[PDB]
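Participant: One structure is given below, represented as structure tokens, and several questions about it will come after.
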Amino acid sequence: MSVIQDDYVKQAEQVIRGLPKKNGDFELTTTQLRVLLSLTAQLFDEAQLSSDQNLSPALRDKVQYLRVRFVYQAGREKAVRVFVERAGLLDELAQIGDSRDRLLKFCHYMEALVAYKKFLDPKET
Amino acid sequence: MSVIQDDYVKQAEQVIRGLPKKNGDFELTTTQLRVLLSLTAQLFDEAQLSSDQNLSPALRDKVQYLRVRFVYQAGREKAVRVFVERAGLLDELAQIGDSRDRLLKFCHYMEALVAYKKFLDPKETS
Amino acid sequence: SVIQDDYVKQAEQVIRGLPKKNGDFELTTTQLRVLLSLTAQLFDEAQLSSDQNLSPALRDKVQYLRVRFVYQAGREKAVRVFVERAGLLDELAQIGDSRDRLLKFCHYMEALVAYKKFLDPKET
Amino acid sequence: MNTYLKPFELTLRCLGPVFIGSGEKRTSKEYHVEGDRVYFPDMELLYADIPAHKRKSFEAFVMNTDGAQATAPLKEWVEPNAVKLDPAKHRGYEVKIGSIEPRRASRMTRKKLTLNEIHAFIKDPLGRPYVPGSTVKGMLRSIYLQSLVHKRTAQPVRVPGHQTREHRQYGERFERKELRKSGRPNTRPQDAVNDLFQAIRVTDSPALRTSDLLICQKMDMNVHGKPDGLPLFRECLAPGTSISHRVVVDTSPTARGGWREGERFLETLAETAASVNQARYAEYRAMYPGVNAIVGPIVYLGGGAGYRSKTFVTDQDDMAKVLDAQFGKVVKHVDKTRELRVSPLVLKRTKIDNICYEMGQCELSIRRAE
Amino acid sequence: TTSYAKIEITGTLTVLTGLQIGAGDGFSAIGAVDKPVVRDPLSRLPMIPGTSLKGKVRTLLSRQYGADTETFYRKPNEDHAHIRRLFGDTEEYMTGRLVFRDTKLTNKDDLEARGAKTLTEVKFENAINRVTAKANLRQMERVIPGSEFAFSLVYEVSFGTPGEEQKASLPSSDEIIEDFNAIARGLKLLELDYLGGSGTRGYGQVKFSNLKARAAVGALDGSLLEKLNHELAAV
Amino acid sequence: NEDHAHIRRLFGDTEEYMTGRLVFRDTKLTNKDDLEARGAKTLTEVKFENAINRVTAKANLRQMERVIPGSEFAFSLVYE
């Protein structure tokens, strides 16, 4: 019951090409997601060095906090709300109960949406 | 004891959905909780830096002031009155006592209610 | 001394025992807004002060507060049952010159107007 | 003045006593009389000089628990143990009493009342009396709201119904129709930003002195001309004091938050005050005997002025159904107002032992001073 | 002009009828009125925030210039070139030239020297009905009419923001007179108005006294400071 | 890089005076316990400002946070 279609690079291109543009550019920039791309790097570098097949309760604690920080950021921003509901990130964060393998697929799918975000439009240098 | 359940993020989603409507747009705003959210953040920044599992007497008299500002704020607003009763914030504040990890448990549950309040509500988002 | 250590628990039982008419709570929160604006300024200068013993000016202001609790409870039947049940005229005689007796009194006083609005309708 | 803001000078000369209440009522255990003049000492200065062995008795005397039956004056307690009420040690103020009269045949038993309670005038934070600007602007919202309804109207105003809830909802829609005429571009037409009385700024009055504030009594004359002295003694003003306010009009265009015709209304302010005088309460005042009709630029201000001064109802039988929707189990007003054709049934007249005149009358004048 | 300068304009602001700026609305004390006033967060003194003082004078000046030219200025950046010069905008004059300040109460000891007990009074008001008159109550808090505030603002004389297509220059000494003339014209309009609050019901009448200019940094042109003190002489 | 020769030898540029002679430092709040003894419940106040539309006379509220007056920071600056 995942949103990832086992390719996740075509799917990460089917999201950024469908984002609602404005008169000039996209309504979503990458400076609005810096607080969420900094918390997802701490989950990647912690779950990678773990040898177990299920998450530690100290590692499972900071997935609930990333789940709450996504809801708060999507609540006070219109462009982040239309981006979270398009990719399917808040429904996927409730699928990671304690699986290390389903947490690593989220971090691969997260940075395929950032790579095409820098590429598909200017004003990202 | 323990009016906050584990997996509190699922408990906070059902609290905000169970609020009165008043023509769609909610009766409760986050501006009515502004004097309360600025005191819980000061309490969370002082309990986190501590180390002992028992609260200092300079920290246990800021919990008693916080649970007397909740009662006064729920008395003169009817939108805040039902939200305090629906979430059980006065019963948890009386049962904190002196432990460090029933105060940090209260503040993590407090963040999830404000996070779901801005998400499930239009006439917001600026 | 009458004020306990956990003053919030005993300030709630005072409000539950106030007298009531066919409605409830004949004493309102507008009948003592001239007593609440004098208490809320004694709390400010006592907090900003640094010395432990009170000033001579910080005793003429406490002594003026005690003549207003009798001049307002005299001309009001609802107020004088509240002052005698909460014991506000007994506590103001204990504060001779100690600062922490004042701040413990002003914390207990503002825990009475918290449960005065919460334990009834008719106040917004 | 200014090239877009035009001020005026509103001067009010009181012909009778004026009482603007503060919400304060003093009991007989605070003052004590001396002949006619009643002395009001400072409450803390007469307590500080009293030694500590009698302070537990002074607290049990003001807070009336036992002993006195809540009617004893200050001289009941202070006369045995003689603490001298000195006007120098207790810097208060002393002032006189207008009159005192009994009732008529109420039991004949000739009862004689005293001054048990006194209502207080509204004062400055220093202690001097003054007149608020929220009271005079509420009078001008009755002069303009009667000149558009006593001169001419589409229909003569009839209050529809019997319950007091539909008597309430008729008044809050007549004002909202006749005064929400600004027409802002994108708003509700009955919003508070469309009110025409946002272009009139009525400031407060300067602080007067407490040397002239006598104590009156509410005397209710009837059609036979026989007043009774109610126990409603209150600290009023006295005829002779001049109150001077400042009114500023704003000559910005309409829907920008202005009113160009409120200035034209303020230049004919003594005229509409005389035209509303002859049509509302000059014929009602002439019914009661012993009352001489004045033409005047007469307005009414403050409490004790009657039901007629605070409304815009015209017909006398129209005033009785709304008064019987809140009262009626005490005194039947509907049957009594069609026997002698008066509404209300009394007239709030006073006495200072010399001349019987009304309660709350004033003399109005204005000029366009820069 | 000839050099860089900063001009300091000091004075005194005294309150004639009771002032209620009232931008607390919830943050204030627990034993307080429904609509409280702005206080200092440490010393609990009543204050004037300086944003209300700047926005009121810009609103009164946009109606004085909008009645002499017969146009309605719909929003800022559409104002006059004399209001957008000393107050800021976001189009071509990007910064102010005028720095307002927050102002605490100063004569606290002079008020307790007289017979004043609380720094703020509590006033009860009424709302009567024009038929079968019944009334509902509200309580208002406002600063007492003896208070005095230490008014001050700074004025800067420099190049400013010249824009991408222009040649930068300093404002001449004839232009500093027209800037100071519009300040004292905008301070005489405030003495007729009410500086925040109810205002039309008698609140906030205010008065200016002892307005004088200095030269805090750098010298002036010469016989120029005394004719800036003459524009401020008529308030 | 176009500034005065007395500014570029103190603060530095990238053409002639490569590094400045002055080292600024970050400062933190020092008198926290002094402010808590005098009655500060929080170290920052929240100020409610309000923009008024000139046509409809409506209200556009906003919330601003700022450090309270009386706060005191330790200042340090090195010269070489």
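Participant: What number comes out for the charge environment of B:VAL15, summing +1 per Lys or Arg and -1 per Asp or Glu over other residues with Cβ under 12 Å away?
Facilitator: +2
Participant: Now for a separate question. Residues with beta-carbon under 10 Å from that of D:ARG201, excluding D:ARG201: net charge, scoring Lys, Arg +1 and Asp, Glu -1?
Facilitator: Around D:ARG201, the charge tally is +1.
Participant: For a quick check: sort A:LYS10, D:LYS96 by the number of other beta carbons within 10 angstrom, fewest at the front.
Facilitator: Least crowded to most crowded, the residues run A:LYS10, D:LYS96.
Participant: I want to check the label-to-label distance for F:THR42 and E:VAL217. Put each point 7 Å from Cα in the C-beta direction and report it in nm to one decimal.
Facilitator: According to this spin-label approximation, the distance is 3.3 nm.
Participant: Just want to confirm a number: the relative contact order over chain B, from Cα pairs under 8 angstrom separated by 6+ residues, in percent.
Facilitator: Averaging sequence separation for qualifying contacts and normalising by length gives 43 percent for chain B.
Participant: On to the next question. Give me C:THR39, E:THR17, D:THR65 sorted ascending by neighbouring Cβ count inside 10 Å, so fewest comes first. Spell out each step's value before the answer.
Facilitator: Details: C:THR39 19, E:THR17 23, D:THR65 13.
Lowest count first: D:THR65, C:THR39, E:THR17.
Participant: Any chance you could run the full-extension gain for D:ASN222 through D:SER242? It's 0.36 nm times the residue separation minus the Cα-Cα distance, nm to one decimal. Write out the running numbers ahead of the final one.
Facilitator: Values: separation 20, 0.36 × 20 = 7.20 nm, distance 3.09 nm.
Separation in residues times 0.36 nm, less the Cα-Cα distance, equals 4.1 nm.
Participant: Can you show me the helix-derived [θ] at 222 nm for chain D, built from DSSP H runs with n ≥ 4 at -39,500 (n - 2.57) apiece and divided by the number of residues, rounded to the nearest 500.
Facilitator: Details: 9 runs with 80 residues, N = 370.
That calculation yields -6000 deg cm²/dmol at 222 nm.
Participant: Relative contact order for the stretch E:76-235: what percent, with Cα pairs under 8 Å and sequence separation of 6 or more?
Facilitator: Once normalised by length, the contact order is 18 percent.
Participant: With a cut-off of 8 Å between alpha carbons and a minimum separation of six or more residues, what is the relative contact order of the stretch D:20-80 in percent?
Facilitator: Details: 30 pairs, mean separation 25.8, N = 61.
Once normalised by length, the contact order is 42 percent.
Participant: Out of E:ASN136, E:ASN77, E:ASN181, any idea which swings most in a Gaussian network model of chain E, alpha carbons joined below 10 Å?
Facilitator: The residue that fluctuates most here is E:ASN136.
Participant: Apply 1/(1 + (r/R0)^6) to the Cβ-Cβ distance of F:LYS28 and B:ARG34, taking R0 = 30 Å, and write down the FRET efficiency to the nearest 0.05. Write down the numbers at each step before the final one.
Facilitator: On the way: r = 26 Å, r/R0 = 0.87.
Computed FRET efficiency for F:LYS28 and B:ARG34 comes out at 0.70.
Participant: Among D:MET43, D:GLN69, D:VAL95, which residue has its Cα furthest toward the positive end of the charge dipole of the stretch D:1-111, with +1 on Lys/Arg Cβ and -1 on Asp/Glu Cβ?
Facilitator: In the stretch D:1-111, that residue is D:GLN69.
Participant: Right, here's the next one. Determine, from the Cβ-Cβ distance of A:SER56 and E:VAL99 and an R0 of 45 Å, the FRET efficiency 1/(1 + (r/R0)^6), rounded to the nearest 0.05.
Facilitator: Efficiency, from the Cβ-Cβ distance: 0.25.
Participant: On to the next question. Of D:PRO239, D:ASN354, D:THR337, which is farthest towards the positive pole of the stretch D:226-370's charge dipole, taken about the Cα centre with +1 and -1 on the beta-carbons of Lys, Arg and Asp, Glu respectively?
Facilitator: Of D:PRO239, D:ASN354, D:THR337, it is D:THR337.
Participant: Between D:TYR93 and D:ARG264, what's the calculated FRET efficiency when r is the beta-carbon distance and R0 is 35 Å? Round to 0.05.
Facilitator: On the way: r = 44 Å, r/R0 = 1.26.
With a Förster radius of 35 Å, E is 0.20.
Participant: The stretch C:10-47: which trypsin sites (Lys or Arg not before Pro) are DSSP loop and have at most 12 other beta-carbon atoms within 10 angstrom?
Facilitator: Here the trypsin sites (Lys or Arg not before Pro) that fit, given the DSSP loop and packing criteria, are C:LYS20, C:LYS21.
Participant: 7 Å from Cα along Cα→Cβ at both E:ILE177 and B:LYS78: what's the point-to-point distance in nm?
Facilitator: Here the answer is 6.4 nm between the modelled labels.
Participant: Nothing charged except the Cβ atoms of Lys and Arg (+1) and of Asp and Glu (-1): what's the magnitude of the dipole of the protein assembly as shown about its Cα centre? Round to the nearest 20 debye.
Facilitator: Result for the protein assembly as shown is approximately 4860 debye, rounded to the nearest 20.
Participant: Dipole of the stretch A:1-89, Cα-centred, from +1 at each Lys and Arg C-beta and -1 at each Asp and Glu C-beta, to the nearest 20 debye?
Facilitator: The calculated dipole for the stretch A:1-89 is roughly 480 debye.
Participant: Among C:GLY23, C:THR39, C:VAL83, flag the residue with its Cα farthest along the positive direction of the charge dipole of chain C, charges on Cβ as +1 for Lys/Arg and -1 for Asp/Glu.
Facilitator: Comparing the listed Cα positions along the dipole, C:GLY23 ranks first.
Participant: Please go through the stretch E:120-196 and write out the chymotrypsin sites (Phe, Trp or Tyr not before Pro) that DSSP classes as loop and that have at most 11 other C-beta atoms within 10 Å. List each step's numbers first, then the result.
Facilitator: On the way: sites: E:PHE124, E:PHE149, E:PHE151, E:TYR155, E:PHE159, E:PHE180, E:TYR194; in loops: E:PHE151, E:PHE159, E:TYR194.
Here the chymotrypsin sites (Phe, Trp or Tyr not before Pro) that fit, given the DSSP loop and packing criteria, are E:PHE159.
Participant: Would you mind checking the tilt of helix E:51-68 against the longest principal axis of the Cα atoms of chain E, expressed as 0 to 90 degrees and rounded to 10?
Facilitator: 70
Participant: If you don't mind, another one. For the stretch B:38-51, take each phi angle, set θ = phi - 60°, evaluate the Karplus expression 6.51 cos²θ - 1.76 cosθ + 1.60, and give the result in whole Hz per residue in order, putting x for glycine and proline.
Facilitator: In residue order, the calculated couplings are 7, 8, 5, 6, 6, 6, 6, 6, 9, 6, 6, 6, 6, 10 Hz.
Participant: Another question about this same structure. Let me know the charge dipole size of the stretch D:84-206 about its Cα centre in debye, to the nearest 20, where only the beta-carbon of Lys, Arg (+1) and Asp, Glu (-1) is charged.
Facilitator: Dipole of the stretch D:84-206, to the nearest 20 debye: 460 debye.
Cβ atoms come from the backbone with ideal geometry, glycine included; neighbour counts cover every protein chain shown. Read-outs: derived from the displayed coordinates by stated rules, not from any lab.
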